[PDB]
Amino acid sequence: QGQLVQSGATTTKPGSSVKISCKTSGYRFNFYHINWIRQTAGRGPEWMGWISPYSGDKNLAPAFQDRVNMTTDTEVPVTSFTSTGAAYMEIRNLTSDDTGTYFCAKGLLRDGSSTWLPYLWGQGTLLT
């Protein structure tokens, strides 16, 4: 299973910096990367970056290199294979061209050639 609920769909004007949450359930939070992808209206869907909810290792697209901040906090064990985690993400030099719906998605597998691939997605959040 696994379900990734997201934050609210609130709006703010340029220059600011907003944080969007992603609360995971039904799967081990530490076993799969967390990926964030944006569907801008005036552009094709753009992969922003993934981080490891285990190794803490991050990797973003160069179009977001010095403007984004993606973090996670430790998981809460529920059963031997179910945890509850959270994943946070912000943008710095933000304008109104960054408008769109934002998603969080966990990785596909935990080994192989398609480990981090966004497999299980969230509900999306409407922005400015």
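Numbers follow the displayed sequence, beginning with 1.
Higher average CA B factor: 13 to 21, of the stretches 114 to 122 and 13 to 21. According to the PDB record, 87 to 95 carries the higher mean C-alpha B-factor of the two stretches 87 to 95 and 54 to 62. Remark: of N35, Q39, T74, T79, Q39 shows the highest value [criterion: C-alpha B-factor in the PDB entry]. Sort the chain's modelled residues by C-alpha temperature factor and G100 lands in the highest third, per the entry.
When the CA B factors of the chain's modelled residues are split into thirds, the value for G49 lands in the middle one.
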